[PDB]
Amino acid sequence: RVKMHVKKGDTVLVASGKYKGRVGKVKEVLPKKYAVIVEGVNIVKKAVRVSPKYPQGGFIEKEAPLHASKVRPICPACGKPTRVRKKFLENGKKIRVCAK
Amino acid sequence: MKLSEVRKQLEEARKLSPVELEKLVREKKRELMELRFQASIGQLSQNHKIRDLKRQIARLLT
Amino acid sequence: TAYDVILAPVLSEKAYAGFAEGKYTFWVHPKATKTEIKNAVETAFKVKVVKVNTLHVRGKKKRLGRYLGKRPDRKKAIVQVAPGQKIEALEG
Amino acid sequence: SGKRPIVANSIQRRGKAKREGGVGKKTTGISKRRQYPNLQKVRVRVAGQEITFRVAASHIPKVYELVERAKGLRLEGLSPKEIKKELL
RNA sequence: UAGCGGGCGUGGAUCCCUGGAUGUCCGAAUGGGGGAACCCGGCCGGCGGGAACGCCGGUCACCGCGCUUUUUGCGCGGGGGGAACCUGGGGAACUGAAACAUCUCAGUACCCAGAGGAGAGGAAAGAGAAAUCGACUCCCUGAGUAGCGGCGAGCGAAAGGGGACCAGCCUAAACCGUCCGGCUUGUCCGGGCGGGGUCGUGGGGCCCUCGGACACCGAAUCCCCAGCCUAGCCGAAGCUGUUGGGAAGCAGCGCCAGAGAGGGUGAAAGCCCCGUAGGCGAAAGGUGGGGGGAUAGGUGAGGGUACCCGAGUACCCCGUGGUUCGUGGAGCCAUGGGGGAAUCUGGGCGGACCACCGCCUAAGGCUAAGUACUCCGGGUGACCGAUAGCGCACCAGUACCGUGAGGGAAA
RNA sequence: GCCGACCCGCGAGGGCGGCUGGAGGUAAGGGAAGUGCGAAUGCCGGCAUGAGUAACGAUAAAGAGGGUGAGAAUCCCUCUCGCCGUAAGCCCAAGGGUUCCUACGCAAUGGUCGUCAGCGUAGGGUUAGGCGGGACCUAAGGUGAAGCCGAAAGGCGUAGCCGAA
RNA sequence: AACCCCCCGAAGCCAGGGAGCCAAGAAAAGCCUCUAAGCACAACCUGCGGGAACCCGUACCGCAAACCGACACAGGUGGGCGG
């Protein structure tokens, strides 16, 4: 309940820290820890292979779970907070003056 | 969505319902042991199968 | 609640020695009768079972770190098939 | 015990021993004891058969009202104590 | 709770809420047994050729009350649990008296039984000096007063006043109809049921008269509804640069505010996030005279009659308790033992007792509210911050110690 | 938190400077306390002393060659020697509760060692009409319709029932 | 493979053996039999062929290093064999 958060898998900007300004397509929200992932955070995992199966595991520097309060969505502008208006039928989200 | 499909046609399972239902679940548990067996040898079972099987039985048993 | 007593094949070197005769052996339910075992396996493999045997298995206690625990207990049963016939599935 | 119509238990009220004038004074030595009811048995016919009653003398007669009352009262069918219960 | 190994969801999952479903065996444990979680059964139907075996489903403990003619049946209900609180049944000693008996500690501790969200208490045989207050419960006060006390230690009321709350009823009995039972068939005794009746300006019954009535009075009972609890949604307003691993900081200029409580965001954010203030929300279960409606039940005068009005009770005495009252001039309420009335030209009480004068209707019963409590949920703190705070922030009533009750960590 | 020989205060103290540290601190003036420790054979935890000391748990007794292994007096094999043999051998019951076996290993456990184990991980292992017990019987005793007793809780107790080396 | 002969010979077995003694030495069921109810198309007894026969313990230690003594504790533990 209420674990529902800012947004889902889509186009989201980052006003975080070391990646202030980086904007990418977020490919995974994990509501269990309040952290998302874009293309930004990319720490190098020196480790060999995460799971014993398969040869070497590559120095994969893949995206690292970022805290969600450091990510703002965006549409015909540059990322607003998310108010929510309603139709004659269902309901979705409209930003500070735009749509979608 | 598996639910939708199964349940509806179990009240469609009313051409000879109760009697037939008893029979139905009986064969279903067989399709169960066969699995638990295959999931004992090792390479012959990919999880879920066993699970979803049981969960159907769960509803069927109504 | 018929195919429910036979839990799974007991897989061990020694169990395999029982295939040489009609002496198949597998993991059965805790509270189960040599009488309802015969009936069960018979209606589970359509083979007449002369002799039946159940023994009990206390599950060893294993420890996973500072947390100590106990594996379930089991009831091994060995069956005896009407002299000759066999179980195609267990012969594997 | 108490039992019958009597409806009287066993009070554990205490008894103190005194030494005195009373036109000189008075003093003591006290302890606890329990007082009991004059319970006795009551044999009586009633309906058929016999039936015992364990009451205090205070109310024995009150048993002997019950008996003239079970006369406009229907009671038979081999009722040993059933009589007593149905005795009001 | 990651990994192996696989699957699911905008044909709208996960998750949350209401209800329904399955719910092994132990445990009030309830077929019997039993060393709790395990053994062994009776009957009915079914399963496997299934008679021997086995298994499945249902059913079979005991006690109480009412129908059942006894009989066997059927029906409603009890059994145990509960942190604390509550009533009743029992009931300590240390201790204080600077010893120690009365006394105190105290009707506390604890044991027991029973009660419920409360419990108890309750329509005056009241209070007590005002020809006056007027059920009960609790708070404040009266008041450390009256008083009790080896008049030592110490113990300690009540009315009245102030406030919370508000609330009043049904019956037993005289009498009448009825069914049944008995028996010395009576113009009657009893039992069941119904009618009748419920009082302290006394009431009721019975007969007569009035007009005896459309009217009044009205639930603690019943139905509907609001509201309400059990999941939730809307929720205003910020950008740039600068120091930095990281700003929310420093700075420039803006903005919302029924919202600048609080919390998170890599540091110090009204404006990013969750919220906050304001306002919306229930198919379902639950709740509910706060509102409406209905019913159950209730309402009149005079006169005559002399019927009725709670029995081993009142009352007296002996042994007792409660009370401020420890036998004191010892009443009253309560009652173990003995004797033992009256139906209002009656009985109690007003502190031994008598007279007058006043208060009151025992010996039947029920009653909401105010009240206590804190397992439970929420709020807050001149409360704790890991030797503190619950014993337990942590896989703790665990490890471990004890036969056992029980004790009991660290982290 | 560590540091000082500086500054101030009679002092308890305070301030400043360097260092460590990494997210809190809380003026002036007042306010309220779980408010200042060296002793309580105090409580709790940590660590010293004794001390490289006693001891290493039976005076039945060992030596060697070979092997394994990072490492061997201590594991494995062979030989020689010793001790038990009314037991220090072999069974059964009670109590133990996986300590049995196989593979892998040695931080700890082993009063040393340790390649070994009863220790760590994992897998395997206990088969019954005839043995033992229960769907047989009773004993002491217990339970307990009825019954008798007890302020309650309960006490006794026939029948039946549970009760075995 | 042999697997024979001779001998000692038990507290054990035949078992409910025999003797003597006083201190006078469990209960119940199975086992037999009698009869009542009750049935006598049953039932019981005899043989034969076939069919049916559950639940539980079963490892290992068990005079000890695995039980009781806080311990691989010189202590403690009942019964049988023990050449």
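Side notes on the structure shown:
- Acute angle (nearest 10 degrees) that the helix D:60-69 long axis makes with the longest principal axis of chain D, alpha-carbon atoms: 20 degrees
- For chain B, the C-alpha radius of gyration sits at 1.24 times the compact-globule guess of 2.2 N^0.38 Å, with N the residue count.
- Mean-position separation - Cα centroids, the stretch D:69-83 and the stretch B:4-51, in angstrom: 67 Å
- Cα-based helix-to-principal-axis angle, C:34-45 vs chain C, degrees rounded to 10: 70 degrees
- Exposure proxy order (Cβ contacts within 10 Å, fewest to most) of A:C75, A:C98: A:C98, A:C75
- Packing-based exposure ordering (other Cβ within 10 Å, fewest first) of C:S12, B:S40: C:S12, B:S40
- Sparse-neighbourhood loop sites, GluC sites (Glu not before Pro) in chain A - DSSP loop, at most 11 other Cβ within 10 angstrom: A:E90
- Stokes-Einstein translational diffusion, chain C - Kirkwood Rh over all Cα pairs, 1.002 mPa s, 20 °C, in µm²/s: 153 µm²/s
- Angle between chain B longest axis and helix B:49-60 axis [Cα atoms, degrees, rounded to 10]: 20 degrees
- Cα centroid separation, the stretch A:1-74 to the stretch C:9-82: 50 Å.
- Among the GluC sites (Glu not before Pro) found in chain D, those both in a DSSP coil and sparsely packed, with 11 or fewer other Cβ atoms within 10 Å of their Cβ, are D:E20, D:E50, D:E76.
- The amide H of A:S16, built 1.01 Å from its N in the peptide plane, has A:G21 as neighbours under 5 Å, considering only residues 5 or more places off or on other chains.
- Going from the residue with the fewest nearby Cβ atoms within 10 Å to the one with the most, C:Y3, A:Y54 rank A:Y54, C:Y3.
- Reciprocal of mean inverse Cα separation for chain A (Kirkwood radius, Å): 15.4 Å
- Globularity ratio of the stretch D:8-69, using Cα Rg and 2.2 N^0.38 Å: 1.91
- Amide H contacts of C:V10 (H built 1.01 Å from N, under 5 Å, at least 5 apart or other chain): C:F26, C:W27
- Close amide-amide hydrogen proximity is noted between C:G22 and C:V81, each under 5 Å apart and 5 or more residues distant or on a separate chain (H modeled in the peptide plane; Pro and chain starts excluded).
- Sparse-neighbourhood loop sites, trypsin sites (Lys or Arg not before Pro) in the stretch C:54-92 - DSSP loop, at most 10 other Cβ within 10 angstrom: C:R58, C:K60, C:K61, C:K62, C:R66
Bear in mind these aren't lab numbers, they're just calculated from the coordinates by the rules spelled out. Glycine also receives a Cβ, built like all others from the backbone with ideal geometry; neighbour counts cover every protein chain displayed.
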